[PDB]
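Q: Here it is: the structure, laid out below.
Each value in this text was obtained by applying a stated rule to the coordinates, not by laboratory testing. Every residue, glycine among them, receives a Cβ derived from its backbone with ideal geometry; neighbour counts consider all protein chains shown.
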Ligand SMILES: CCc1sc2ncnc(O[C@H](C)C(=O)O)c2c1-c1ccc2[nH]ccc2c1
Ligand SMILES: OC[C@H]1O[C@H](O[C@H]2[C@H](O)[C@@H](O)[C@@H](O)O[C@@H]2CO)[C@H](O)[C@@H](O)[C@@H]1O
C-alpha cells in the first residue's frame, strides 16, 4: 500500500490556514510523536480522487463538503464514526453537510459563504444592488479606482449572482433531474456579469490573486470573497467592511455555502490517528483558533468556539450571506457541475461563447452523468428483462427518451452483429456477481479507450453492457445490472466528457443516428 503509516499527511487548500493547521499538527506530534505534514497542493480537489483511487494521497483531505460525496461514492473516504458526545459539539447542520447516503463521511470544520467585502474609505456605503455597480464604477474610475474585482476563473465567485434571480444547481425539494444552470435566472445573472465586462467595469482575466491584490492595494472598492481572505486584508491596512452581497433584480445573491470538512482517506493506514487528530486536536477551541488566527475559517462547526466568533460582525455578515444562500449539495456530480459552470463563466466572460451557448453547455455537462445513467440503466435493464421501465423520464427527459429510442434501434444491430464476439468475450471473463463488475470496468475502460472516440463505439460499449446485463439476469444476478450501468456510465463520462459535451451530449447521439 502506498500511504505511509505512523505519520499524517494533510491536504488543505492554499487559501486556508495551513500554517495554523500545521501548528495544530505540531501540538499533536508533541503529545503523540506522530509527525503531521500539511501540504497545500494545487488543484488538490482534482488530485485527491485521482491519487486516492490508487491507494495513495493524504491521510486527511480538507475541502468544502461539496466534493466529498463524489469521493465517498468512489470509496475514497473512510466512514467516520464519532460518538454522540463528540457529535454534540458540532452544529447539526454542519454534520448535515457531511452526510452522504446516510453516513458521515467527513468532519465538518467551518461554514463559509462569500460576502461582499468593501473598502470603507472608498466606499462608505456599499451598493445594495448589483444594478448600481456600473454607475458606481463610472464614478470610481473618475478617481482611478474600480468598483469591484473578484475572481472570475472560479464559478464559486460568480455563482451568487447567477443564482440570485433563479439559477440553481440541483433543485432541493435533491432532484438531480432538475438542473437550474441554464434557466432564465442563471442567464439574467451571468448576462449581467458579462455586460459588466463588455462595459469595462470588470476584466475577464481577473483571477484570485489579481482581485485580491487590487482590493488589498486600495485600487478597487469591493471584492467578493470568503473569510479566508480577511487576513490578507488585515495585513494590507485597507479599512474594510464585510457585508451582505448586493441584490440582483431585487433578490438576494445566493452564494453556495460550503462547510470546510476533513475526510479521512479510505487507503490511510492511519485512520485512528486521523480521527484522533481531527476530533481531539483540531476540532477544539485551541485547534480551531490556531487555524482561524492564520486565515479565518468562517463560522466554525464547533459550538463552543462559534459562540465566541459569532459576535464578530464579519461572521454575522458571513452568516447573513449564508442564510440567503444554499448549502451546496454533496452529490457526486458536483464536480462535473462546477467544471461545466467554470467553463461557461470563463467562456461567457471572454466572449468565446454567448451566455446562451455557455450555460446550455454547462447544463449539458451538469446533466451528463445522470442523463447517461438514465439511458444506459434503462437500456441495460430492458434488454436483460425484456420489458421497458414504465416510469416517466423527467420534464427534461425528451432527450433521454429519444436517445433510448436511438440506442434501441442502433444497439439491436450492434448486439446482433457482435453476438458471437460478445459471447466469446463474455466467456473469457467470469462474470458471476457484483465483485466481478468492478473488474469489468477496467477491462471495458481499457478497451473503450484503446480505439477512436465515436458514437458507434459508445453504442458498442453499451451494447456489450446490455449483453452482460442479459447474462446477469439469466444467472439471477439482476441486482448487478444497476452497478454495471453505473460503471459503464462512469467510464463513459469520465473519459469522454469533453467530447460528449462537444457533441451536445445525447442530443448529438440522436442526431448522428437520425
Ligand atoms: C470489453 C468488451 C468491449 S467493451 C467495448 N467497448 C467499445 N467497443 C468494443 O468493441 C468494439 C467492437 C471495438 O473494438 O471497436 C468493446 C468491447 C469488445 C467486445 C468484444 C470484442 N471482441 C473483440 C474485441 C472486442 C471488444
Ligand atoms: O469555484 C468552484 C469551486 O467552488 C468551491 O470552492 C471554493 C471553496 O469552497 C472555498 O473554501 C475556497 O477554497 O474557494 C473555492 C473557490 O475557488 C467548491 O467547494 C469547489 O468544489 C468548486 O470546484
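Q: List every residue pair whose Cβ atoms lie under 8 Å apart, where the two residues are 6 or more positions apart in sequence or sit on different chains, the first residue falls within segment 431-452 and is on the phi < 0 side of the Ramachandran plot, and the second residue, located anywhere, is part of a helix (DSSP H, G or I) and surrounded by fewer than 14 Cβ atoms within 10 Å (Cβ to Cβ).
A: Within 8 Å, the pairs are 434/479.
Q: Of all residues in segment 91-130, count the ones that are farther than 30 Å from residue 278 by Cα and either within 16 Å of ligand 2 (Cβ to nearest atom) or assigned to a strand (DSSP E or B) (or both).
A: First pass over segment 91-130, keeping only residues farther than 30 Å from residue 278 by Cα: 116-130.
Checking which are either within 16 Å of ligand 2 (Cβ to nearest atom) or assigned to a strand (DSSP E or B) (or both) leaves us with 116-119, 129.
Qualifying residue count, segment 91-130: 5.
Q: Can I ask one more? Would you confirm, using the coordinates I've provided, whether residue 311 is surrounded by fewer than 20 Cβ atoms within 10 Å (Cβ to Cβ) and within 30 Å of residue 21 (Cα to Cα)?
A: On the way: surrounded by fewer than 20 Cβ atoms within 10 Å (Cβ to Cβ): yes; within 30 Å of residue 21 (Cα to Cα): yes.
So residue 311 fits the description; yes.
Q: Check whether at least one residue in segment 11-31 is touching a strand residue (DSSP E or B) at 6+ places or on another chain (Cβ under 8 Å), assigned to a loop (DSSP other than H, G, I, E, B) and away from ligand 2 (no atom under 16 Å from the Cβ), and report yes or no.
A: The answer is no; no qualifying residue exists.
Q: Restricting to segment 50-68, what's the tally of residues that are within 8 Å of residue 263 (Cα to Cα), in contact with a helix residue (DSSP H, G or I) (Cβ under 6 Å, 6 or more places away or on another chain) and assigned to a helix (DSSP H, G or I)?
A: Adding up the residues that qualify gives 0.
Q: On the given criteria, is residue 497 in contact with a helix residue (DSSP H, G or I) (Cβ under 8 Å, 6 or more places away or on another chain), within 16 Å of ligand 2 (Cβ to nearest atom) and in a helix (DSSP H, G or I)?
A: It is true that residue 497 is in contact with a helix residue (DSSP H, G or I) (Cβ under 8 Å, 6 or more places away or on another chain), within 16 Å of ligand 2 (Cβ to nearest atom) and in a helix (DSSP H, G or I).
Q: Return the pairs, sorted by first residue and then second, in which the second residue is surrounded by fewer than 16 Cβ atoms within 10 Å (Cβ to Cβ), the first residue lies in segment 382-404 and is more than 20 Å from residue 505 (Cα to Cα), the beta carbons are less than 7 Å apart, and the residues are 6+ apart or on different chains.
A: From residues that are more than 20 Å from residue 505 (Cα to Cα), the pairs are 382/388; 382/389; 384/478.
Q: Would you tally the residues in segment 137-176 being over 30 Å from residue 123 (Cα atoms) and under 17 Å from the mean Cα position of the chain (by Cα)? Reasoning before the result, please.
A: Just the residues of segment 137-176 that are over 30 Å from residue 123 (Cα atoms), to begin with: 168-176.
Within this subset, residues satisfying the condition of being under 17 Å from the mean Cα position of the chain (by Cα) are 168-172, 174-176.
Result for segment 137-176: 8.
Q: May I pose another question? Where residues in segment 330-369 are more than 15 Å from the chain's Cα centre (by Cα) and not in a helix (DSSP H, G or I), which of them is farthest from ligand 1 (Cβ to nearest atom)?
A: So the residue we want is 351.
Q: While we're here: Which of the residues belonging to segment 41-77 are over 20 Å from residue 4 (Cβ atoms) and surrounded by fewer than 16 Cβ atoms within 10 Å (Cβ to Cβ)?
A: Passing the criteria: 42, 43, 46, 74, 75.
Q: Related question: I'd like to check something: does segment 194-207 contain any residue that is surrounded by fewer than 19 Cβ atoms within 10 Å (Cβ to Cβ), closer than 17 Å to residue 349 by Cα and within 20 Å of the chain's Cα centre (by Cα)?
A: Yes: segment 194-207 contains one or more residues that are surrounded by fewer than 19 Cβ atoms within 10 Å (Cβ to Cβ), closer than 17 Å to residue 349 by Cα and within 20 Å of the chain's Cα centre (by Cα).
Q: For residue 259, which of the numbered conditions (1) under 25 Å from residue 303 (Cβ atoms); (2) touching a strand residue (DSSP E or B) at 6+ places or on another chain (Cβ under 6 Å); (3) surrounded by fewer than 24 Cβ atoms within 10 Å (Cβ to Cβ) fails to hold?
A: Residue 259 satisfies all of (1) under 25 Å from residue 303 (Cβ atoms); (2) touching a strand residue (DSSP E or B) at 6+ places or on another chain (Cβ under 6 Å); (3) surrounded by fewer than 24 Cβ atoms within 10 Å (Cβ to Cβ) except (3).
Q: Another question about this same structure. Does residue 72 qualify as being out of contact with any helix residue (DSSP H, G or I) (no Cβ under 8 Å at 6 or more places or on another chain) and within 15 Å of ligand 2 (Cβ to nearest atom)? Give the derivation first.
A: Working: out of contact with any helix residue (DSSP H, G or I) (no Cβ under 8 Å at 6 or more places or on another chain): yes; within 15 Å of ligand 2 (Cβ to nearest atom): yes.
When the stated conditions are applied, residue 72 passes them.
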